[PDB]
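Data block below; observations after.
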Protein chains: 2
Amino acid sequence: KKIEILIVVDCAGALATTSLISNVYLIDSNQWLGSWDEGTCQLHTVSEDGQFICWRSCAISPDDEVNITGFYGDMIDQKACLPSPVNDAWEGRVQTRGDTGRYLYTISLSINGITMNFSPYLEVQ
Amino acid sequence: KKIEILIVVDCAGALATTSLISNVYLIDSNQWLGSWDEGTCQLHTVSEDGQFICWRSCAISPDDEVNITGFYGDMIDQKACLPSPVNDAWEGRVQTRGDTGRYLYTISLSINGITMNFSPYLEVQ
């Protein structure tokens with residue numbers, strides 16, 4: 001049961017406002033769908049210990065280019081999941097050892113060469 | 001002032017169930033976001049006469065391939081918008097010429113070689 005996550009970026013909106021807020025979406029293979037319109041980002045993924053997770057990013061426009069350039073924050077520091085690049089995607093495995101809870105993290109993207117970030121979280125059960 | 005639409009397909013889910021219901025999403029550059037979970041498909045795009053519209057399709061997983069293979073239905077038959085393929089996308093211009101209203105249509109997709117369709121609508125104001 002591998003979870004695949006798609007990060008969708010409205011790159012026109014992101015570059016016009018210099019923020020991913022209201023311009024970034026998550027859709028995943030567990031049929032979770034979300035947007036980030038106001039306040040702190042609540043975009044997230046639900047998984048369980050030992051599960052493989054895969055992230056990839058794309059633009060709305062066929063003319064734009066969006067790449068994931070790095071992961072930072074609690075999910076990495078606490079070693080809950082350590083994605084590494086695989087072609088145009090990043091893949092890791094959830095290693096919590098029975099602990100449950102949310103692990104905040106930050107994804108940096110290159111949006112037509114401009115580095116922008118957003119901070120979703122990983123929920124482990 | 002051109003609208004760009006992203007069709008996202010859960011290709012594992014769509015192929016397992018032989019239906020795009022609960023497996024297809026629209027996200028566009030007007031920040032409209034939609035799923036089709038229940039009932040008849042209500043995914044749609046709001047536009048106006050003369051506006052350029054762009055459709056492109058992607059999968060959630062990096063391993064799958066989703067291409068738009070055609071457009072049919074009222075929007076085509078009544079000549080409100082006639083998309084043509086351009087590289088990896090389809091582009092058309094809303095040519096309603098004073099007409100307003102909901103125009104139903106059907107998009108055929110190839111999902112890892114398997115043809116599946118869903119029927120959103122174009123709302124022109």
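Chain A is the first sequence line, chain B the second, and so forth, proteins listed ahead of strands; every chain is numbered from 1. Because only heavy atoms are used, hydrogens play no part in the values below, and waters and symmetry mates are left out as well, while side chains stay in.
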Using non-hydrogen atoms only, which part of B:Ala12 is less than 4.5 Å away from chain A: side chain, backbone, both, or neither?
neither

Starting from B:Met75, can I reach B:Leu20 by hopping between I/L/V/M/F/W/Y residues whose side chains sit under 4.5 Å apart?
yes

Say whether B:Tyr72 and B:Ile68 are linked into one hydrophobic cluster, either directly or through other cluster members, by side-chain heavy-atom distances under 4.5 angstrom.
no

Picking from B:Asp28, B:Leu33, B:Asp10, which has the most non-hydrogen pairs under 4.5 angstrom with chain A?
B:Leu33

Tell me the residues of residues 105-125 of chain B whose non-hydrogen atoms fall below 4.5 Å from those of chain A, in number order.
none

Using non-hydrogen atoms only, which part of A:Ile27 is less than 4.5 Å away from chain B: side chain, backbone, both, or neither?
both

Is any residue of residues 35-56 of chain B within less than 4.5 Å of chain A by heavy atoms, and which ones?
B:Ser35, B:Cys54, B:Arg56

Are A:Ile60 and B:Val9 connected into the same hydrophobic cluster when the rule is that any two of I, L, V, M, F, W, Y join if their side-chain heavy atoms are below 4.5 Å apart?
no

Please list all pairs meeting salt bridge (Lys or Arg N to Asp or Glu O under 4.0 Å) that have one or both residues in residues 93-117 of chain B, counting only residues at least two apart or in different chains.
none

Consider only side-chain heavy atoms of I, L, V, M, F, W and Y, link residues closer than 4.5 Å, and tell whether B:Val66 and B:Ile21 are in one cluster.
yes

Taking CG in B:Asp77 as the centre, count heavy atoms belonging to other residues, nucleotides or ligands within less than 6.0 Å. Is the count above 12?
yes

Between A:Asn87 and chain B, which part of the residue has a heavy atom less than 4.5 Å away: side chain, backbone, both or neither?
neither

Taking B:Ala89, B:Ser61, B:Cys11 one by one, which has the highest count of heavy-atom pairs under 4.5 Å against chain A?
B:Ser61

Mind ranking A:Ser22, A:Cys58, A:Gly13 by heavy-atom pairs under 4.5 Å with chain B and telling me who comes out on top?
A:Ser22

According to a 4.5 Å side-chain heavy-atom criterion applied to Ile, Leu, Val, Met, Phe, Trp and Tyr, with indirect links allowed, do B:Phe71 and B:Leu26 form part of one hydrophobic cluster?
yes

Close approach to chain A in residues 1-8 of chain B, criterion heavy atom under 4.5 Å:
B:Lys2, B:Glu4, B:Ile5, B:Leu6, B:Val8

